[PDB]
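Since every read-out is calculated from the coordinates, none of them should be taken as a lab result. In this analysis, Cβ positions are derived from the backbone assuming ideal geometry, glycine residues included, and neighbour counts consider all displayed protein chains.
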Amino acid sequence: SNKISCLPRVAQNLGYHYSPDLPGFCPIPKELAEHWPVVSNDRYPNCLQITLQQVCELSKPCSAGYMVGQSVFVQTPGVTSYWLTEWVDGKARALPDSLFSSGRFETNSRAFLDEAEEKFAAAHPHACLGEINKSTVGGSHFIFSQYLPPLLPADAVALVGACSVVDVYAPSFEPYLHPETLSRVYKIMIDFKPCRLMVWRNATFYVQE
Amino acid sequence: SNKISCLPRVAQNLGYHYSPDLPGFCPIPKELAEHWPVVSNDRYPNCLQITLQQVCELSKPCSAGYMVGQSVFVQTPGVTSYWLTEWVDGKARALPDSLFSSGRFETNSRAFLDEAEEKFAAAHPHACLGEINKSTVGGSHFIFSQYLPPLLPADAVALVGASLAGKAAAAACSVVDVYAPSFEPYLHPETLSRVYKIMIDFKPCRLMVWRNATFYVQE
């Protein structure tokens, strides 16, 4: 039954860690899923439902990297990878808008998603200055950037819940890279982990969390 | 190889995971090692340089576990194993004080380095030897301690379970392979109980000290 799923970090930043059917999460008995927040293709009184088609009006379309069983695929820009439906106490509540990883990291690819992203990286070749660590700023680049090593072991860091590489489809940042003022700090989300974007009106920005 | 290197975790805790010339790290092309923070025997605009002799005023001696190529080596007490030199923008930056692992973890040796450490361990039996308090194990904090499992993971400080089969057991106690007498400058504070902020292999640790009694470590 089309065991489709998001990159686990997405559901886990929503606070869902168990799944009776999906393999990317922790195993929980079918029976116990009726009484615990889980991730699944099916529907439960308290769960995050992942489907290919829309379930209801409050289902969130997500253009992102995704999985089908064990196999992980890469975001196709412009199309929905999976629809997210969050059921609480039986009734579905709305999900917050967020940026999403293309899943290039897990795929071992450093390649651009489309020509539109390639023209972006040419237009803003040195946007995205280092990701702000809690105290002092540390270097960060997009996964396609020329300045990254050929090998990115697990000892680098994506923008993921529980040197910094951002795997997000680059033109997703376009709305934030045009502030009316000279400086502007944005409250956003990457894979449903809350982040602060600190942009300069010229072109660039810093990432936080 | 014939090249020298620290125990890979020492460089990693400093923020260096790539190396164009050293085997114990993730490889990187030399052309890229110019613009990327790396560990190396050579010199780069931003790098941690591991040499056999001093290079600069701000070079740091390390009586520590080291490795030549793939082969790991236990430290020799009082003797420098390697000098560390942190370069940032072609400039040498100072390195914080830190205790260092003897490399006994990875060489699987559990004997004392010398007789000084053995005499130290007997002088502080509650913290080094490992006793059975009742139904739990206490003071099995060094690699030469008693009630430790057959295998210990190579870390700055290792959380392992201790046990005397049938009588006692202690889950998740900290075990370190640091040369024991390196703790002596902390064992005599003005207050009876004192907590120190120290570093093991450049990993921020907390040293709890109870005078003339026991001491342990956390991260």
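Here is how the numbers come out for the structure above:
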| read-out | value |
| --- | --- |
| Fluctuation leader among B:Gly138, B:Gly24, B:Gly166 - chain B, Gaussian network, Cα springs under 10 angstrom | B:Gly166 |
| Volume per residue that the Cα convex hull of region B:1-97 spans, once the total is divided by residue count, Å³ | 89 Å³ |
| Rounded to whole Hz, the Karplus (6.51, -1.76, 1.60) HN-Hα couplings of region B:78-92, x for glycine and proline | x, 10, 5, 9, 7, 9, 9, 9, 8, 9, 10, 6, x, 10, 6 |
| Candidates B:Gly78, B:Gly15, B:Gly161: whichever shows maximal mean-square fluctuation once chain B is modelled as a Gaussian network with Cα springs under 10 Å | B:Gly78 |
| Mean separation of Cα contacts under 8 Å (6+ apart) over length of chain B, as relative contact order % | 15 percent |
| Taking N as its residue count, the alpha carbon Rg of region B:130-219 over 2.2 N^0.38 Å | 1.10 |
| Calculated FRET efficiency for the pair B:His35/B:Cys56, C-beta based, R₀ 22 Å, to 0.05 | 0.50 |
| Stokes-Einstein translational diffusion, the protein assembly as shown - Kirkwood Rh over all Cα pairs, 1.306 mPa s, 10 °C, in µm²/s | 63 µm²/s |
| Contact order normalised by residue count of region A:1-97, Cα under 8 Å, 6+ apart, percent | 27 percent |
| Extreme residue, positive dipole direction of region B:98-219, given options B:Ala158, B:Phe144, B:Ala213 (C-beta unit charges) | B:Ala213 |
| Calculated FRET value between B:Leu192 and B:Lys167, using beta carbons and R₀ = 35 Å, to 0.05 | 0.65 |
| Region B:113-148-region B:149-219 distance, computed between alpha-carbon centres (Å) | 10 Å |
| Local net charge near B:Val175, Cβ-Cβ under 12 Å (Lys/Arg +1, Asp/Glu -1) | 0 |
| Beta bridge orientation in chain A: antiparallel %, DSSP, nearest 5 | 70 percent |
| Estimated dipole of chain B in Debye, rounded to 20 [Cβ of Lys and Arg +1, of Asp and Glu -1, Cα centre] | 440 debye |
